[PDB]
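Text of the file upload-v6.cif, holding mmCIF, C-alpha atoms:
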data_coords
#
loop_
_atom_site.group_PDB
_atom_site.id
_atom_site.type_symbol
_atom_site.label_atom_id
_atom_site.label_comp_id
_atom_site.auth_asym_id
_atom_site.auth_seq_id
_atom_site.Cartn_x
_atom_site.Cartn_y
_atom_site.Cartn_z
ATOM 1 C CA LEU A 1 -9.597 -16.196 7.032
ATOM 2 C CA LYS A 2 -11.755 -13.385 8.430
ATOM 3 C CA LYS A 3 -11.736 -10.540 5.908
ATOM 4 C CA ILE A 4 -9.087 -7.817 6.190
ATOM 5 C CA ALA A 5 -9.715 -4.838 3.920
ATOM 6 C CA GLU A 6 -6.215 -3.364 3.867
ATOM 7 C CA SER A 7 -5.051 -1.137 1.019
ATOM 8 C CA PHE A 8 -1.465 -0.844 2.268
ATOM 9 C CA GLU A 9 -1.481 2.835 1.310
ATOM 10 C CA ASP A 10 0.598 3.786 4.396
ATOM 11 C CA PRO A 11 3.614 2.317 6.259
ATOM 12 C CA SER A 12 1.343 1.829 9.274
ATOM 13 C CA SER A 13 -0.239 -1.008 7.253
ATOM 14 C CA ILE A 14 2.822 -3.041 8.246
ATOM 15 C CA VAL A 15 0.704 -3.678 11.329
ATOM 16 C CA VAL A 16 -1.334 -6.177 9.351
ATOM 17 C CA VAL A 17 1.815 -7.961 8.205
ATOM 18 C CA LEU A 18 2.932 -8.278 11.835
ATOM 19 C CA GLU A 19 -0.509 -9.578 12.672
ATOM 20 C CA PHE A 20 0.171 -12.426 10.269
ATOM 21 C CA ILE A 21 3.725 -13.191 11.331
ATOM 22 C CA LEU A 22 2.593 -13.390 14.928
ATOM 23 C CA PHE A 23 -0.281 -15.582 13.901
ATOM 24 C CA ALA A 24 2.184 -17.822 12.072
ATOM 25 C CA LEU A 25 4.284 -18.120 15.214
ATOM 26 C CA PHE A 26 1.629 -18.731 17.858
ATOM 27 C CA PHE A 27 -0.572 -20.780 15.529
ATOM 28 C CA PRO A 28 1.402 -22.347 12.700
ATOM 29 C CA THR A 29 -1.376 -24.840 12.110
ATOM 30 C CA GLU A 30 -4.353 -22.533 11.497
ATOM 31 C CA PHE A 31 -1.965 -20.334 9.635
ATOM 32 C CA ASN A 32 -1.149 -23.142 7.275
ATOM 33 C CA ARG A 33 -4.861 -23.773 6.968
ATOM 34 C CA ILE A 34 -5.639 -20.228 5.803
ATOM 35 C CA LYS A 35 -2.370 -19.023 4.353
ATOM 36 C CA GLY A 36 -3.682 -18.774 0.810
ATOM 37 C CA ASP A 37 -6.332 -16.385 2.004
ATOM 38 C CA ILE A 38 -3.531 -14.552 3.879
ATOM 39 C CA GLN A 39 -1.534 -14.454 0.662
ATOM 40 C CA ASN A 40 -4.333 -12.554 -1.034
ATOM 41 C CA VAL A 41 -3.648 -9.765 1.437
ATOM 42 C CA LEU A 42 0.107 -10.083 1.266
ATOM 43 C CA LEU A 43 -0.006 -9.668 -2.498
ATOM 44 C CA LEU A 44 -1.812 -6.367 -2.054
ATOM 45 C CA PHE A 45 0.995 -5.414 0.318
ATOM 46 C CA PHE A 46 3.772 -6.589 -1.974
ATOM 47 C CA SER A 47 2.375 -5.096 -5.188
ATOM 48 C CA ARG A 48 2.361 -1.698 -3.521
ATOM 49 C CA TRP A 49 5.579 -1.726 -1.507
ATOM 50 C CA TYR A 50 7.618 -3.802 -4.001
ATOM 51 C CA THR B 1 -8.181 -9.743 -13.489
ATOM 52 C CA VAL B 2 -6.642 -9.234 -10.073
ATOM 53 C CA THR B 3 -5.197 -5.947 -11.344
ATOM 54 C CA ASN B 4 -7.148 -3.254 -13.186
ATOM 55 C CA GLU B 5 -5.293 -1.683 -16.129
ATOM 56 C CA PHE B 6 -7.323 1.554 -16.024
ATOM 57 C CA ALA B 7 -6.256 1.943 -12.415
ATOM 58 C CA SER B 8 -2.635 0.946 -12.966
ATOM 59 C CA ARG B 9 -2.364 3.630 -15.609
ATOM 60 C CA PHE B 10 -3.534 6.166 -13.071
ATOM 61 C CA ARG B 11 -0.873 4.686 -10.833
ATOM 62 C CA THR B 12 1.969 5.475 -13.243
ATOM 63 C CA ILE B 13 0.432 8.877 -13.919
ATOM 64 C CA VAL B 14 0.491 9.628 -10.216
ATOM 65 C CA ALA B 15 4.091 8.474 -9.890
ATOM 66 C CA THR B 16 4.991 10.951 -12.617
ATOM 67 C CA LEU B 17 3.131 13.763 -10.878
ATOM 68 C CA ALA B 18 4.920 12.779 -7.704
ATOM 69 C CA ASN B 19 8.285 13.307 -9.393
ATOM 70 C CA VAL B 20 7.093 16.608 -10.816
ATOM 71 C CA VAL B 21 5.609 18.031 -7.621
ATOM 72 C CA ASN B 22 8.713 16.747 -5.852
ATOM 73 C CA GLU B 23 11.043 18.745 -8.083
ATOM 74 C CA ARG B 24 8.860 21.838 -7.709
ATOM 75 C CA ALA B 25 8.760 21.295 -3.961
ATOM 76 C CA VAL B 26 12.541 21.107 -3.542
ATOM 77 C CA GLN B 27 13.075 24.051 -5.913
ATOM 78 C CA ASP B 28 10.845 26.226 -3.701
ATOM 79 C CA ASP B 29 12.498 24.913 -0.482
ATOM 80 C CA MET B 30 9.133 24.044 1.079
ATOM 81 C CA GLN B 31 8.882 22.055 4.320
ATOM 82 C CA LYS B 32 9.305 18.274 4.290
ATOM 83 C CA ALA B 33 5.995 17.937 6.113
ATOM 84 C CA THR B 34 3.784 19.523 3.480
ATOM 85 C CA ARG B 35 5.698 17.719 0.765
ATOM 86 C CA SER B 36 5.051 14.278 2.184
ATOM 87 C CA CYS B 37 1.453 15.406 2.760
ATOM 88 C CA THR B 38 1.117 16.036 -0.969
ATOM 89 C CA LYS B 39 2.507 12.590 -1.659
ATOM 90 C CA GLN B 40 0.050 11.104 0.847
ATOM 91 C CA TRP B 41 -2.919 12.747 -0.798
ATOM 92 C CA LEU B 42 -1.674 11.449 -4.129
ATOM 93 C CA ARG B 43 -1.467 7.833 -2.987
ATOM 94 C CA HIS B 44 -4.914 8.276 -1.448
ATOM 95 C CA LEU B 45 -6.245 9.335 -4.839
ATOM 96 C CA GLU B 46 -4.551 6.215 -6.165
ATOM 97 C CA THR B 47 -6.521 4.007 -3.774
ATOM 98 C CA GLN B 48 -9.845 5.749 -4.384
ATOM 99 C CA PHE B 49 -9.205 5.341 -8.045
ATOM 100 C CA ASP B 50 -8.751 1.592 -7.861
#

Is it possible to give me this structure as structure tokens?
Amino acid sequence: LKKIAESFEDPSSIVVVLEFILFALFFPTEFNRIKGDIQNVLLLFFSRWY
Amino acid sequence: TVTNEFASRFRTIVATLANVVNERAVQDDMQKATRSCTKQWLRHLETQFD
């Protein structure tokens, strides 16, 4: 995955989550290829919001 | 460690200050806008701190 330096400080950061969901719809394959690297970002999102 | 304990402590500290400044904000009937702005600056300090 290309690096995404998100802090998820603000609700607007949901943008990045959408960016992933969309990527997982249009391109399930590459998504599955890089989803661990995506998960590193999602954990930053989840540890803040939940 | 994925998480930094020195930073997480500052996180709980800031949550406490959020509750405190929240109570003082509602007691002085100040605008919702400024109040959320205080909270925003606090979470920003949280990020800088990590």

request  = In Å, rounded to a single decimal, give me how far atom CA of residue 39 of chain B is from atom CA of residue 22 of chain B.
outcome  =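 Atom CA of residue 22 of chain B sits 8.6 Å away from atom CA of residue 39 of chain B.
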
Interatomic distance (Å, one decimal) between atom CA of residue 9 of chain B and atom CA of residue 50 of chain A =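 Straight-line distance from atom CA of residue 9 of chain B to atom CA of residue 50 of chain A works out to 17.0 Å.
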
Once you count only C-alpha atoms, what closest atom pair and distance in Å to one decimal does each residue of chain B within 12 Å of chain A have, with rows by chain and rising residue number, as CSV?
residue,atom,partner,partner_atom,distance
B:2,CA,A:44,CA,9.8
B:3,CA,A:47,CA,9.8
B:8,CA,A:48,CA,11.0
B:11,CA,A:48,CA,10.2
B:36,CA,A:10,CA,11.6
B:37,CA,A:10,CA,11.8
B:39,CA,A:10,CA,10.9
B:40,CA,A:10,CA,8.2
B:41,CA,A:9,CA,10.2
B:42,CA,A:9,CA,10.2
B:43,CA,A:9,CA,6.6
B:44,CA,A:9,CA,7.0
B:45,CA,A:9,CA,10.1
B:46,CA,A:9,CA,8.8
B:47,CA,A:7,CA,7.2
B:48,CA,A:7,CA,10.0
B:49,CA,A:7,CA,11.9
B:50,CA,A:7,CA,10.0

Could you dump the residues just selected with C-alpha atoms as a PDB file, in the frame of the given file?
ATOM      1  CA  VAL B   2      -6.642  -9.234 -10.073  1.00  0.00           C
ATOM      2  CA  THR B   3      -5.197  -5.947 -11.344  1.00  0.00           C
ATOM      3  CA  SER B   8      -2.635   0.946 -12.966  1.00  0.00           C
ATOM      4  CA  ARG B  11      -0.873   4.686 -10.833  1.00  0.00           C
ATOM      5  CA  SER B  36       5.051  14.278   2.184  1.00  0.00           C
ATOM      6  CA  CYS B  37       1.453  15.406   2.760  1.00  0.00           C
ATOM      7  CA  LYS B  39       2.507  12.590  -1.659  1.00  0.00           C
ATOM      8  CA  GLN B  40       0.050  11.104   0.847  1.00  0.00           C
ATOM      9  CA  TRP B  41      -2.919  12.747  -0.798  1.00  0.00           C
ATOM     10  CA  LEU B  42      -1.674  11.449  -4.129  1.00  0.00           C
ATOM     11  CA  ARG B  43      -1.467   7.833  -2.987  1.00  0.00           C
ATOM     12  CA  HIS B  44      -4.914   8.276  -1.448  1.00  0.00           C
ATOM     13  CA  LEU B  45      -6.245   9.335  -4.839  1.00  0.00           C
ATOM     14  CA  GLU B  46      -4.551   6.215  -6.165  1.00  0.00           C
ATOM     15  CA  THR B  47      -6.521   4.007  -3.774  1.00  0.00           C
ATOM     16  CA  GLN B  48      -9.845   5.749  -4.384  1.00  0.00           C
ATOM     17  CA  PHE B  49      -9.205   5.341  -8.045  1.00  0.00           C
ATOM     18  CA  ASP B  50      -8.751   1.592  -7.861  1.00  0.00           C
TER      19      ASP B  50
END

Size and centre in Å, one decimal, axis-aligned box, all listed segment 11-27 of chain B atoms plus 4 Å per side, as JSON:
{"center_x": 6.1, "center_y": 14.4, "center_z": -8.7, "size_x": 21.9, "size_y": 27.4, "size_z": 18.4}

request  = Determine the nearest neighbour of residue 35 of chain A from the options A:6, A:16, A:23, A:11, counting all atoms listed in the file.
outcome  = A:23

ask   = Which distance in Å separates atom CA of residue 17 of chain A and atom CA of residue 17 of chain B, to one decimal?
value =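 Atom CA of residue 17 of chain B lies 28.9 Å from atom CA of residue 17 of chain A.
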
message = Set the distance at 12 Å and use only C-alpha atoms: which residues neighbour residue 31 of chain A once local chain neighbours fewer than 5 positions away are removed? I'd like the list as an MDAnalysis selection string.
response = chainID A and resid 1 19:26 36:39

query = When the PyMOL selection byres ((chain B and resi 35) around 12) is applied to the file above, which residues end up in the set, as a ChimeraX atom specification?
reply = /B:18-34,36-42

Give me segment 20-31 of chain A with N, CA and C atoms filled in, as a PDB file, in the coordinates of the input.
ATOM      1  N   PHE A  20       0.097 -11.121  10.905  1.00  0.00           N
ATOM      2  CA  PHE A  20       0.171 -12.426  10.269  1.00  0.00           C
ATOM      3  C   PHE A  20       1.368 -13.208  10.785  1.00  0.00           C
ATOM      4  N   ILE A  21       2.494 -12.522  10.941  1.00  0.00           N
ATOM      5  CA  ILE A  21       3.725 -13.191  11.331  1.00  0.00           C
ATOM      6  C   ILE A  21       3.519 -13.770  12.712  1.00  0.00           C
ATOM      7  N   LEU A  22       2.909 -12.966  13.578  1.00  0.00           N
ATOM      8  CA  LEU A  22       2.593 -13.390  14.928  1.00  0.00           C
ATOM      9  C   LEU A  22       1.652 -14.578  14.886  1.00  0.00           C
ATOM     10  N   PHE A  23       0.679 -14.508  13.997  1.00  0.00           N
ATOM     11  CA  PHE A  23      -0.281 -15.582  13.901  1.00  0.00           C
ATOM     12  C   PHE A  23       0.409 -16.847  13.410  1.00  0.00           C
ATOM     13  N   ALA A  24       1.470 -16.677  12.626  1.00  0.00           N
ATOM     14  CA  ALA A  24       2.184 -17.822  12.072  1.00  0.00           C
ATOM     15  C   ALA A  24       3.176 -18.374  13.074  1.00  0.00           C
ATOM     16  N   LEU A  25       3.405 -17.634  14.159  1.00  0.00           N
ATOM     17  CA  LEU A  25       4.284 -18.120  15.214  1.00  0.00           C
ATOM     18  C   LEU A  25       3.468 -18.848  16.267  1.00  0.00           C
ATOM     19  N   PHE A  26       2.500 -18.147  16.844  1.00  0.00           N
ATOM     20  CA  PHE A  26       1.629 -18.731  17.858  1.00  0.00           C
ATOM     21  C   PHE A  26       0.780 -19.886  17.332  1.00  0.00           C
ATOM     22  N   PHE A  27       0.349 -19.793  16.078  1.00  0.00           N
ATOM     23  CA  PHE A  27      -0.572 -20.780  15.529  1.00  0.00           C
ATOM     24  C   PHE A  27      -0.160 -21.213  14.144  1.00  0.00           C
ATOM     25  N   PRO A  28       0.956 -21.943  14.034  1.00  0.00           N
ATOM     26  CA  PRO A  28       1.402 -22.347  12.700  1.00  0.00           C
ATOM     27  C   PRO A  28       0.355 -23.170  11.979  1.00  0.00           C
ATOM     28  N   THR A  29      -0.414 -23.944  12.729  1.00  0.00           N
ATOM     29  CA  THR A  29      -1.376 -24.840  12.110  1.00  0.00           C
ATOM     30  C   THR A  29      -2.525 -24.127  11.404  1.00  0.00           C
ATOM     31  N   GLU A  30      -3.240 -23.256  12.117  1.00  0.00           N
ATOM     32  CA  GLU A  30      -4.353 -22.533  11.497  1.00  0.00           C
ATOM     33  C   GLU A  30      -3.817 -21.641  10.402  1.00  0.00           C
ATOM     34  N   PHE A  31      -2.582 -21.208  10.593  1.00  0.00           N
ATOM     35  CA  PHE A  31      -1.965 -20.334   9.635  1.00  0.00           C
ATOM     36  C   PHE A  31      -1.832 -21.104   8.350  1.00  0.00           C
TER      37      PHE A  31
END
